[PDB]
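Taking the form deposited in one PDB entry, here's one chain by itself in structure tokens.
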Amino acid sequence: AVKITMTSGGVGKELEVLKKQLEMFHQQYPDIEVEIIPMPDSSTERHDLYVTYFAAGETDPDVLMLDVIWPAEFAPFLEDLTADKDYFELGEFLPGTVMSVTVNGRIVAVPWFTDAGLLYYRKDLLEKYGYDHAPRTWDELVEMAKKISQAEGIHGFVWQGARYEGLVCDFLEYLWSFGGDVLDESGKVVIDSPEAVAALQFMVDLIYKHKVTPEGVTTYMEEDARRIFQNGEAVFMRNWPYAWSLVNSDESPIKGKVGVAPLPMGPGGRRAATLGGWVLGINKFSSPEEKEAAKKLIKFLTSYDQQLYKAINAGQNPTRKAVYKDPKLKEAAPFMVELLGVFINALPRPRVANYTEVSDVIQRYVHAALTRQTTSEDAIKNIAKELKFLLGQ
């Protein structure tokens, strides 16, 4: 009776699993038909597609698949879900993911699946040199990296330092773990702090002072760091969860020699991880019967059973805390079970409507500091100054 549309958003296995999920949904809700609107695989080619839907205020699509950095931009056009927070059981989701969908105190989407930065390390090299544990502080990681890389003739620590969005993600992990922040609760720019100068200066020192990170890191993206680490040429790597399937596969030279752990903490700081992933929103311009049908679909897809199903069959990490404790997940994918201790410290990038401009500014000055075109102090001061203009403060 009621027909709603949804955007995807998918690779071949991940979309075939979505089709099965929609089948199961239709069995439980026979009066609701769901139609998938095919969407560009590029994140950029698709961000402008949606703004067109809300430029012209279309009634379709009803259910939006949104990148975790888009809620603030789309919030004026998304159905307010704050009254439905218990209907969706948001208290049982990872705290970072609930933050990522709260825009100016309004629940504006529902977390679906998630990602976050973590630390990969050569487990064999750590025990060969007498290290019981993954580094718990950043200074501890420098000490391990320096000792082991010099004795083995490899690099210490590879990560993402090219001028792109990935650099922002790496930088926020240093900033947060050193005790700093971009915006506070009220949303005012607080990045101009000694913690932030310390965090950025630490990134520079990894290259030029301690020499545990190659100078080429200023050109590295995810796969550049991965290839070096996978070939045995780095003790440590910061990356996303996707790399585990690559570096622990059969044709991988380091298979069985890789451990994973949260990123380290800074002096007097936290452990931190930058949140990635996708969320589900409702077009506020759809008819009320399409919206009500859309809420039922989102409740179904983000339920415990469906997050378990998607995790086992498509490999996406759940957003509900409890799914990580399921015994079925522990035997089907024990690596995913280990990510719980990472995801409890994951935080979202700043929730601002003009995020892409905020990111451009951070990329510009952070990369300038990594290339020694400016000092950490000047980079942080300039970021704070520009962000205050961009945010009207």
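Residue indices: 1-based, along the sequence shown.
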Assert higher mean C-alpha B factor (280-288 or 113-121, deposited values) equals 280-288
Of 311-319 vs 149-157, the stretch with the larger average CA B-factor in the entry is 149-157
The largest CA temperature factor among 137, 213, 306, 248 is found at 248
In this crystal structure's PDB entry, the residue among 51, 66, 361, 342 with the greatest CA B factor is 51
Of the three thirds of the chain ranked by Cα temperature factor, residue 29 occupies the highest
Residue 15: CA temperature factor from the record, placed by chain third, in the highest
Here the Cα B-factor of residue 274, set against its chain, lands in the third termed lowest
Assert third(CA B-factor, residue 252) within chain per record equals highest
Assert third(CA B-factor, residue 46) within chain per record equals highest
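Quick note: we don't show the form deposited in another entry, though the next part is all about it.
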Note to self: Looking at the domain motion between the shown form and the other one, are residue 156 and residue 85 in one rigid part, yes or no?
What the structure shows: no
Output row for the residue 98-residue 189 CA distance, |change| of 3 angstroms or more in the other entry, reads farther
The CA atoms of residue 312 and residue 244 move 3 Å or more in the other entry, ending up closer
